[PDB]
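Report on the structure
Take a look at the letters that make up each chain.
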Amino acid sequence: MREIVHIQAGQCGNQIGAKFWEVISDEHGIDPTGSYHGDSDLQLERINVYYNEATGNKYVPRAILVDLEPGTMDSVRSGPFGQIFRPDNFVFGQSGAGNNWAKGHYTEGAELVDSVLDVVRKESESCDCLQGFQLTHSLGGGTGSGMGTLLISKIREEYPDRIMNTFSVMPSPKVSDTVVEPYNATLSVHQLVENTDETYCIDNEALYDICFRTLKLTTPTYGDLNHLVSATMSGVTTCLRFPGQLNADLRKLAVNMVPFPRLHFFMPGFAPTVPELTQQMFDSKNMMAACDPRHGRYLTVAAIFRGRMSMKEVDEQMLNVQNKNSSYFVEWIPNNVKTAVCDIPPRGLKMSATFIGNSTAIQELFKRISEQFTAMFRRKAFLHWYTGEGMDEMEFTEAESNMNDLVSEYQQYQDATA
Amino acid sequence: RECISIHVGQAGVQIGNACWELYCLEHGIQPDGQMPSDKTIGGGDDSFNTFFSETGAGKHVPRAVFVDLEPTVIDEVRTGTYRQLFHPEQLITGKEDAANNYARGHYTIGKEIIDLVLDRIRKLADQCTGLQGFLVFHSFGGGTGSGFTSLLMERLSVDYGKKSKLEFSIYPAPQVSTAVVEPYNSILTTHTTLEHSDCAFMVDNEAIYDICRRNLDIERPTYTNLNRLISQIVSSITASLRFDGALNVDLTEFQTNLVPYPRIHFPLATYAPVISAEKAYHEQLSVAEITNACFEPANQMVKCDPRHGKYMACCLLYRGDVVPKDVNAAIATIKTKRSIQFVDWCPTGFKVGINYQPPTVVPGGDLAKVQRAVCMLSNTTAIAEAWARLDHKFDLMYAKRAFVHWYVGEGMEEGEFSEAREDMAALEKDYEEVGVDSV
Ligand SMILES: COc1cc(OC)c(Cl)c(-n2c(-c3ccccc3)cc(=O)c(C)c2-c2ccc(F)cc2)c1
Ligand SMILES: Nc1nc2c(ncn2[C@@H]2O[C@H](COP(=O)(O)OP(=O)(O)OP(=O)(O)O)[C@@H](O)[C@H]2O)c(=O)[nH]1
Ligand SMILES: Nc1nc2c(ncn2[C@@H]2O[C@H](COP(=O)(O)OP(=O)(O)O)[C@@H](O)[C@H]2O)c(=O)[nH]1
Ligand SMILES: [Ca+2]
Ligand SMILES: [Ca+2]
Ligand SMILES: [Ca+2]
Ligand SMILES: [Ca+2]
Ligand SMILES: [Mg+2]
Ligand SMILES: [Mg+2]
C-alpha cells in the first residue's frame, strides 16, 4: 500500500541484501518458495511494503539485484532464499568494475544502468502508492560505490518526490583491502550528501570487533558480519514493516531525524532485563560505525524495542539515559529522542533494541577519509586509472571540498548553544 | 572474462611449458585435453574457461600462442607429453633466430612473421565473449624475446587499443647469460615497450638461482628448476582468474591497486614458502610466517633491498588453508613494523585476496606440497636498483660503441640507443621522485 523498492549493488551490497531478505522473510513467515507459513496475522498487515503479491498467494520481494560481474549474482541464486527473487530482476554485467569508481559511474555501469531502471520502473508502476527506495552497497568498491550513486542520481530524476535511503558500508580506520578506497569513498560521499535523505553508516572493523570480542566468534567471516547487519537492518525497518504510528513511513522518519538536509548520516546500533538493553544500545561498543558518540552530540535519536516488555519500564529507562547524559544531547532540539515498540521479537531473541542516532561525531569518519584522500591526491597517486576513464581532476577537487564542507557543518552544530 | 597468453622466444616458450603443465594439474586436465570433472561439454562459463577453450569432443585447449623465430624449442612442445593439448596453429615458428640481436627480432626477422602471429591471435580473440587482456611471457635479453616482443606489443596496442597487456619478463643474470649484448637488448625493449605495458613482472634469474640453491638445496640449478618456480608465481597470480571464489582479484582489480603512475608499473614478486621436502617434513608454516617471509629481501625475485626503499602498494595473494582472521592479523602486524616503510601518499597500501585451492607441485619436482602459500606483488622504489645495474652495463659498452655495429647493420640508428637510454634515465629519476616525502 505504501511500497518500498529495494536495490542492492556490488558484491558487498548483494551479500548484505541477501541476508536482509533471509531475516525478514523469516520474520514475516515467508519460506524460500515464496509461500506464507506463519502463526500471527500482524506478519501480513504490512507485508505489501516490501513484498509484491503474485498469483497463487506467493509473495515475491520487491528487490532488484545489480552488479557489474556475474559471480556474486550466481551466489545469490544458489543461497538459501535465492529461489524467492524475481528472476527478471537480476541485472548483471560481465566486465566488473575493478575497484574503479569511474568505471561503475561513467563507462561500465553506464551501459547497464538503463537495464536497471527498466526493472525499477516496472516495479514502481505496480505500487498503489510508491513510498521510496532503499539501497545496500559499499563505498570502497567500484560497482556499489560508483554505479550505486549513478542509480541514485538517475532515480531522483524519475522520482524526485520520493525518499531515498541507503545502507552504506564505509571504509574503516585501520582495516582495508583496496588501495584506492579513499578515492572511491570520497567520490560517493559527495553524491550521497546531495541525493539521499537517509544514510546508515556501517564499517566492518566495528562489526568485526563485536564478532570477535562480544559474540566470541574466534574466526569471524563476512558471513558473521553480515548476520549483524541484517539483524540491524531488520531492526531499523521494524516500524516500517509492522503496525505502528511512530516513524511508520520513510518520509516521517526522515522528518524526525534530519534537522538539516546534508546532515543525514546515522550511526546504527543493536543490543543484545529492560534496563540492561537500554544501557547497551547507547554504548560505543554496540555501534556499527567507528565513531565515538562521546566525541560529539546527538542531533536526533530513534530507538526501537521489540518483544513483550513493560512499556512503563522502557519509557522510564529511556528518560534516565537522556537525563543522565544531558551533555550529549543538543539543547536546541527539545524531545529529540523518540521511542517505538513492536510486539514481534526477532528470531533467537525475545527482547531486542535497535538504535538510530544522528550524531555530529560522524564527522570523524569524514575527516579520516578526507585526510587519506588528500594524501593521495596531492601527489595524484593512482589518478591515471580515473582520468583514463574520462574524468577530470576538478571532479576530485569538488568532491573533496564538499566533504570538507560537510565536516565543517557537523562541527558548527556540535558547539552550538541555546 | 578471458585472457590470452603469448609465449615469445626460448624463455617465454619454456616458461609457458611449465605454467600450462601446472595449470592442467591444478584443474585435472589430462595431457590429451580431457577434463573428466567438466560436465559442460563444448563450452561453459566456468572459472577455468578464462584460460581454456573447449571443443565438442571434450578437449580443453589453452588460450595461448607460442612464438619463436627458430623451431628447436617449440618442436619439443609439438612432440612432448603435452603435444595434443595445443592446436597446431597455436605453435608458430620461423627458421632463423634473431641471434641475440634486438634489431633482427624487431625489424629484419620479426617483420617476416609478425602478421601471421597477429592473425592467429585474432582467431583466438574471435573465440571470446569478452576478452580482458594479454599475458606476454618473454626475456629482456634474447634477440627474439626483446626485439619481437616489442614489435608484438606495439602491434597489439593498435589492433586492441587500451586493452590490458601484462608482461612476465626475465631480467638478465651473468650466471646463465648466453649473450654479451643483453644490456643493450633490455634497455631497448624496456624503452620501446614502456608505454604499451600496463604492468610488467620482472624476474631476475640470479635471484631465482640463489633461491633454488639455498631453499631447495639444488647444487647447480637448471632452467627446468628455475622455470617451475616461476610457474608458482604465475599460478598464484592467475589463480584468482582460473578458480571460482568470492575473495578473488582480476586483471583490472590488482592493476588498479598496484600501479600508481603509468610508468611506475614494475612490481617485484615474492613467494613463500619455498621449501624442500626434507625440511617440510614435520614442519608446517603459519599464515603469519609466510606473510613475514614476503618482506625478507632474501626471498625476493629481483636482487634489491626493499628496506632501502619505500613501498607504494602491496598485493598479497594467499592460496590454500587460509582464513580471513589469520590474514587480517598478519597484515595488522606488518602495519606496525617500522622497517617496512610506505610512501606518505599511500595510507591504504594493501590489496588482499584469498583462493582456497591448495598449491600443486608437478611430480618429480623439488618444491614440497604445502597446505597454504602466499605470493606478494609489491611496487617498491627498490626496484630501481635493478635499472641502475643494467643502465651502468649499457653505459660501459655504449661509451665505446661496442657491438653497436651489429644493430646498425640491421637498420637501426645510434639515435635509438641514446633515446632509449634517456628514457631509462627519466625512469630512474621518476622512481626517486615518487619516493620523496610530500610537502
Ligand atoms: C575490509 O578490508 C579487509 C582486510 C582484510 O585483511 C587485512 C580482511 Cl581478512 C578482510 N576480511 C575478509 C577478506 C577480504 C578481502 C580479501 C580476503 C579476505 C573476509 C572476511 O570474512 C572478513 C571478516 C574480513 C575482515 C573485515 C573486517 C575486519 F576488521 C577484519 C577482517 C577485509
Ligand atoms: N628463466 C629462464 N630464462 C631463460 C630461459 N631460456 C633463456 N633464458 C634467458 O633468456 C636470455 C636469452 O634469451 P633467449 O630466450 O634464450 O633467446 P630468444 O628469446 O629465443 O631469442 P634469440 O636469441 O634471438 O633466439 C638470457 O638472459 C637467459 O638467461 C629459460 O628457459 N628460463
Ligand atoms: N560486510 C561486507 N562487506 C564487504 C563484503 N565484500 C566486500 N565488502 C566491502 O566492500 C569493499 C570491497 O568492495 P566490493 O564489495 O567488492 O565493491 P564492488 O566492486 O562494488 O563489488 C571492502 O572494503 C569491504 O569492506 C561482504 O561480503 N560483506
Ligand atoms: Ca562495453
Ligand atoms: Ca531503454
Ligand atoms: Ca565446461
Ligand atoms: Ca568438456
Ligand atoms: Mg632462441
Ligand atoms: Mg574481489
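Per the deposition metadata, X-ray crystallography was the technique used to determine this entry, at a resolution of 3.14 Å.

Going by what the PDB entry lists, chain B is known as Tubulin alpha-1B chain and is assigned to Sus scrofa. We quote the UniProt Cofactor comment for chain B here in full: "Mg(2+)".

Looking at the PDB entry, chain A carries the name Tubulin beta chain, with the source organism given as Sus scrofa. If you open the UniProt record of chain A and go to Cofactor (unreviewed entry), you find "Mg(2+)".

**So, the overall build of chain A**
Looking only at helices and strands, one finds 16 helices and twelve strands in chain A. Computed over its C-alpha atoms, the radius of gyration of chain A comes to 21 Å, within 12% of the 22 Å expected for a compact globule of 418 residues. When its C-alpha atoms are laid out on the principal axes, chain A stretches across 60 × 60 × 45 Å.

**Some details on the site of ligand 3**
Residue and element names in this part refer to chain A. Close to ligand 3 lie 14 residues; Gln11, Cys12, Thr143, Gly144 and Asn204 are nearest. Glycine 142 places a main-chain nitrogen or oxygen 3.4 Å from an oxygen atom of ligand 3. Here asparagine 204 contributes a side-chain N or O atom positioned 2.6 Å from an oxygen atom of ligand 3. Compared with its free state, where it exposes 570 Å², ligand 3 has 89% of that area covered by protein. If you list the elements that add at least two residues to the shell around ligand 3, you get helix 1 (10-27), helix 6 (143-158) and helix 9 (222-236). With five residues, helix 1 is the largest single contributor of residues to the shell around ligand 3. Its residues assigned to classes, the shell around ligand 3 comprises three nonpolar, ten polar and one charged.

**Some thoughts on the site of ligand 1**
Looking at ligand 1, there are 16 residues lining it, with A:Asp177, A:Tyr208, A:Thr221, A:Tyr222 and B:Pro324 nearest. In this structure, ligand 1 is bordered by residues of chains A and B. Residue A:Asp177 places a main-chain N or O atom 3.2 Å away from an oxygen atom belonging to ligand 1. In the environment of ligand 1, an oxygen atom lies 2.4 Å from a nitrogen or oxygen atom belonging to the backbone of A:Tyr222. For ligand 1, the accessible surface in isolation is 620 Å², of which the surrounding protein chains cover 95%. Among the elements of the structure, helix 8 (204-214) and helix 9 of chain A together with helix 12 (324-334) and strand 11 (350-355) of chain B are those that each provide at least two residues to the shell around ligand 1. Per-class residue counts for the shell around ligand 1 are ten nonpolar, four polar and two charged.

**Looking at the UniProt feature "active site" in chain B**
Under the feature "active site", the UniProt entry names B:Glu253. We classify B:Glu253 as buried; its relative accessible area is 14%. Sequence-distant contacts of B:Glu253, defined by excluding residues within four places in its chain, comprise A:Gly98, A:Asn99, B:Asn248 and B:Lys351.

**As for the interface of chain A and chain B**
The interface is formed by 30 residues belonging to chain A together with 34 residues belonging to chain B. Note on chain A versus chain B: buried area summed over both sides is about 2,600 Å², and carbon and sulfur give 54% of it. If you sort the residues of chain A by the area they bury against chain B, A:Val179, A:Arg379 and A:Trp385 come out on top, with a joint share of 25%. Viewed at the interface, chain B and chain A are joined by one salt bridge.

**Concerning the nonpolar core**
Residues A:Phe382, A:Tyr386, B:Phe254 and B:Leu377 are the most contacted members of the largest nonpolar core, which totals 117 residues. Discounting chain neighbours no more than four positions away, the residues touching B:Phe254 are B:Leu166, B:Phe201, B:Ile237, B:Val249, B:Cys315 and B:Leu377. The next biggest cluster of nonpolar side chains, apart from the first, holds 68 residues, and it includes A:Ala9, A:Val66, A:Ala289 and A:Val301.

**Some thoughts on the UniProt feature "binding site: Mg(2+)" in chain B**
All names here are of chain B. What UniProt calls "binding site: Mg(2+)" maps, in this numbering, to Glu70. Summarising the element assignment, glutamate 70 is placed in the loop between strand 4 (64-68) and helix 2 (72-79). Residue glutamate 70 is classed as buried on the basis of its relative accessible area of 15%. Look past the residues within four positions of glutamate 70 in its chain and what remains in contact with it is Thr93, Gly94 and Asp97.

**Description of the environment of A:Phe377**
All names here are of chain A. Mapping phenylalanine 377 onto the fold places it in helix 14 (residues 363-377). Along the backbone, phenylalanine 377 and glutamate 393 are 16 residues apart, and their C-alpha atoms lie at a distance of 9.2 Å. Beyond its immediate sequence surroundings of up to four residues, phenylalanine 377 is in contact with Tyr183, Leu383, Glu393, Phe396 and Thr397.

**Describing the coordination of the magnesium ion (ligand 9)**
Ligation of the magnesium ion (ligand 9) by protein atoms is provided by B:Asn248 (O) and B:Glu253 (OE), these donors lying 2.6 to 2.7 Å from the ion. Per residue, the accessibility class of B:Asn248 equals that of B:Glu253, and both read buried.

**A look at the domain arrangement of chain B**
Residue and element names in this part refer to chain B. For chain B, the assigned domains read domain 1 (1-267), domain 2 (268-382) and domain 3 (383-439). Of note, the centres of domain 1 and domain 2, computed from C-alpha atoms alone, are 23 Å apart. Each side of the interface is counted separately: domain 1 has 44 residues, and domain 2 has 36 residues. Of the roughly 3,600 Å² buried at the junction of domain 1 and domain 2 (both faces included), carbon and sulfur atoms supply 62%. Summed over the shared surface of domain 1 and domain 2, the number is four salt bridges. Note that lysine 303 is salt-bridged to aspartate 210, the shortest N-O span being 2.7 Å.

**Here we look at empty space enclosed by the protein**
All names here are of chain B. Of the volumes computed, that of the largest cavity is approximately 160 Å³. Along its surface, the largest cavity is lined by 16 residues, and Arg228, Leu229, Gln232, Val362 and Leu367 are the ones closest to its centre. Elements with a minimum of two residues in the lining of the largest cavity: helix 1 (9-27) and helix 8 (223-242). If you tally residues by element for the lining of the largest cavity, the top one is helix 8, at six residues. Residues of the lining of the largest cavity, tallied by class, amount to seven nonpolar, six polar and three charged. The residue makeup of the lining of the largest cavity includes at least three contributed by each of domain 1 (1-267) and domain 2 (268-382).

**Some details on the pairing of strand 3 (residues 58-61) of chain A**
Of the two faces of strand 3 of chain A, only the one carrying A:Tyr59 and A:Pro61 is buried; A:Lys58 and A:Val60 on the other face are not. Taking the residues that link successive antiparallel strands as the turn, the strand 2 (residues 51-54) of chain A-strand 3 of chain A hairpin has three residues, and the phi of A:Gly56 there is positive, at about 95°.

**As for the environment of A:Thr354**
All names here are of chain A. Within the secondary structure layout, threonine 354 lies in strand 12 (residues 352-359). Under the relative-accessibility criterion, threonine 354 is labelled buried at 1%. Sequence separation between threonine 354 and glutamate 395 is 41 residues, and the spatial gap between their C-alpha atoms is 37 Å. The contact partners of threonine 354, leaving out residues within four places of it in the chain, are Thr232, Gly235, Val236, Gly269, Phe270, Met281, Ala302, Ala303 and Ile304.

**Here we look at the packing of helix 14 of chain A against helix 16 (residues 393-414) of chain A**
Angle between the axes and distance between the axes are the two parameters that describe a pair of packed helices. Residues and elements named next belong to chain A. The interhelical angle for the contact between helix 14 and helix 16, taken along N-to-C directions, is 150°, at an axis separation of 10 Å. If you check the angle between helix 14 and helix 16, you find them roughly antiparallel. In this structure, helix 14 meets helix 16 at a crossing whose hand is left-handed. Only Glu393, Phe396, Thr397, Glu400, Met403, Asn404, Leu406, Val407, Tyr410, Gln411 and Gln414 of helix 16 make contact with helix 14, whose side of the interface consists of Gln363, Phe366, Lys367, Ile369, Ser370, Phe373, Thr374 and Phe377. Looking at the contact of helix 14 with helix 16 residue by residue, the class counts come to nine nonpolar, seven polar and three charged.

**Re the domain arrangement of chain A**
All names here are of chain A. Considered domain by domain, chain A is made up of domain 1 (1-259), domain 2 (260-361) and domain 3 (362-416). Placing the centre of domain 2 and that of domain 3 at their C-alpha centroids yields a distance of 30 Å. With 18 residues of domain 2 at the interface, the matching set in domain 3 holds 14 residues. Here domain 2 and domain 3 share an interface that buries about 1,500 Å² over both sides, 54% of which is from carbon and sulfur atoms. Ranking the residues of domain 2 by area buried against domain 3 places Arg262, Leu263 and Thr360 at the top, with a combined share of 39%. For the pair domain 2 and domain 3, the number of links is one salt bridge. In this structure, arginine 262 and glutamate 409 form a salt bridge, with 2.6 Å as the shortest nitrogen-oxygen distance.

The rules behind each value
- Residues numbered from 1 in each chain as written, not as in the entry; some residues may be left out.
- Chains lettered and ligands numbered in written order.
- Part of a larger assembly, values for the part shown.
- Heavy atoms only, no water.
- Residues with missing side-chain atoms left out of burial classes, pairs and counts.
- UniProt positions renumbered as here; feature names shortened; annotations may be inferred.
- Helix = DSSP H or I, 4+ residues; strand = E, 2+ residues; numbered from the N terminus.
- Rg over C-alpha atoms; globule rule 2.2 N^0.38 Å.
- Near = heavy atom within 4 Å.
- Polar contact = N/O pair within 3.5 Å; in protein donor to acceptor, adjacent residues only side chain to side chain.
- Areas by Shrake-Rupley, 256 points an atom, 1.4 Å probe, with all protein chains shown as cover.
- Nonpolar A, V, L, I, M, F, W, Y, C, P; charged D, E, K, R; others polar.
- Buried < 20%, exposed > 50% of the residue type's maximum accessible area, 1.4 Å probe, protein only.
- Contact = heavy atoms within 4.5 Å.
- Buried area = accessible area lost by both parts, 1.4 Å probe.
- Salt bridge = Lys/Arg side-chain N within 4 Å of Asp/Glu carboxyl O.
- Core = buried A, V, L, I, M, F, W, Y, C linked by side-chain atoms within 4.5 Å.
- Donors = N, O, S within 2.8 Å, 3.2 Å for Na, K, Ca; no water.
- Domains from an automatic or database assignment.
- 1 Å grid on protein atoms, 1.4 Å probe; cavity = no way out; pocket = protein on both sides within 12 Å on 5 of 7 lines; lining within 4 Å.
- Points joined across faces, edges and corners; volume = space filled by probe spheres on them.
- Pairing = 2+ DSSP bridges.
- Axes fitted to C-alpha atoms, helices over the stretch in contact; angles between N-to-C directions.
- Parallel < 35°, antiparallel > 145°, perpendicular 65-115°, else oblique.
- Left-handed = near helix turned anticlockwise from the far one by under 90°.

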